[PDB]
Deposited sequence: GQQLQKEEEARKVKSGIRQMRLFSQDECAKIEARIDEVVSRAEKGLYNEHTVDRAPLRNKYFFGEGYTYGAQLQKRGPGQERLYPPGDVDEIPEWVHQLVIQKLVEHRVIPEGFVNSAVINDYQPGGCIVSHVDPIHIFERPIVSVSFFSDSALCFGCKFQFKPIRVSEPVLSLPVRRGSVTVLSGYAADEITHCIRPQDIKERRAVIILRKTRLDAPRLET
């Protein structure tokens, strides 16, 4: 009853919509490849690009470091600016369809996942970002899990509280319980081929920031 209770609460904090056509996804995917190519040309600030074995993260607008839960924003202007293509192909669409207000987004993060890549249980850092958190999926379909104890106590529990499909061209909006009161993660098994995501957020005015 506790897990079936949680699932409904999680769903209260999730809104999803298919906003980007296949043609729109293809253009955005070409732009994501341009970013990856620029990074490999050493064209971005050091704090803009975080390379890890099965995921690269690209920080535009604002970036942060990641004891525990002591993430801090970099000083303003440390990471590269949000590309014009993010503003005009992605943010503009979200603003037009009333997902978030004009002027809300000042952070765009691109996560580019290898096959087998994943996200280990985490909560979007509530001391750094406002809600809602907006995620847009590219390249391939995947699944976003909520309630990720199964990643750490496998003998005791094997399944997430909820598994949410996240398809190519889908916009996921997280707020409330889904953003603040439960962990999420991505299982290696749900990233069988390259998948990328663009995360659009608003940093808090009072967010802790390195000087």
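Positions of the deposited sequence absent from the coordinates, in order: 1-3, 70-76, 222.
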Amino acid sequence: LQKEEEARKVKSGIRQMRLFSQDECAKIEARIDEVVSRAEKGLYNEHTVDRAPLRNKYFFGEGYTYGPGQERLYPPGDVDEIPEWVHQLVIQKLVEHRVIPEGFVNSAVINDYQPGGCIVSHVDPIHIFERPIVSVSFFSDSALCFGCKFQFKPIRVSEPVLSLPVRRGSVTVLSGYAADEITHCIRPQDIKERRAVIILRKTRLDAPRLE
From here on, numbers count along this sequence of modelled residues.
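By rigid core we mean the largest C-alpha set that fits within 1.5 Å across both forms.
Structural divergence in 8 other deposited structures of this protein between 72-80 and 134-142: following superposition by the core, 72-80 has C-alpha atoms lying farther from the shown form. Relative to the shown model and aligned on the rigid core, the C-alphas in 8 other deposited structures of this protein deviate most, among 156-164 and 28-36, for 156-164. Across the other compared structures of the same protein with both neighbouring residues present, residue 67 lacks coordinates in at least a third.
Note on 150-158 vs 166-174: mean CA B-factor is higher in 150-158. Remark: stretch with higher mean C-alpha B factor among 6-14 and 198-206 is 6-14. Among 83, 125, 101, 76, the highest C-alpha B-factor recorded in the PDB entry belongs to 76.
Taking the deposited Cα B-factors for 56, 37, 70, 183, the highest one is held by 70. Among the modelled residues of its chain, residue 65 has a C-alpha B-factor that falls in the highest third, as given in the PDB entry. Residue 136 sits in the middle third of its chain by CA B factor, as recorded in the PDB entry.
Per-chain ranking of the deposited C-alpha B factor places residue 33 in the lowest third.
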